[PDB]
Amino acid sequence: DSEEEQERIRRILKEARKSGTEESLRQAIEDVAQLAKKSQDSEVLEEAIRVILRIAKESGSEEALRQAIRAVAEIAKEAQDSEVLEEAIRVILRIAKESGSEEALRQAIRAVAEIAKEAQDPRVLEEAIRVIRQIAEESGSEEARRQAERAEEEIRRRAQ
């Protein structure tokens, strides 16, 4: 059932907040991702992605944000629905922005790039390029721009 899985996901967050520790929040990211892996329902997958964003915000640590980005990318790789993939791409930008660190933005470009490689729908590829550009904008650094250009170019090389 869908609402069954969604409730379980929400409860992981609830129970992680009750614990109230950084360790519990990192574990909650992992637990939500594991639930999302063996799920096929798009509403569940989007819900998992949203909850991981909320866990990320609750923690705010560089490592939690890194792990959240990885978890969302993991969910997005095994997803087939384009709406889920585009949501995952936009949420990765939001997670990276919770920190704004050069490292987190770098991870975000890599994550979005990985999603784009697995995708088939050109609409997803367009969104990935769009958000990769925005990530580089958030950074402002020269290397972030060049990582984003190389990432964008590879997606276009795959598109042809």
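Residue numbers run from 1 along the displayed sequence.
**Student:** May I ask you to compare 86-94 and 72-80 by their mean CA B factor in the entry and name the higher one?
**Tutor:** 72-80 has the higher mean C-alpha B-factor.
**Student:** Looking at the entry, does 111-119 or 131-139 show the higher mean C-alpha B-factor?
**Tutor:** On average, C-alpha B-factors are higher across 111-119.
**Student:** By the CA temperature factor listed in this entry, which of these ranks top: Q67, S61, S101, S39?
**Tutor:** So the option with the highest C-alpha B-factor is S39.
**Student:** Would you please rank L13 by its C-alpha temperature factor against the other modelled residues of its chain and give the third it falls in: lowest, middle or highest?
**Tutor:** As the PDB entry reports it, the C-alpha B-factor of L13 lands in the highest third of its chain.
**Student:** Going by the entry, which third of its chain does the Cα temperature factor of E23 land in?
**Tutor:** Lowest third.
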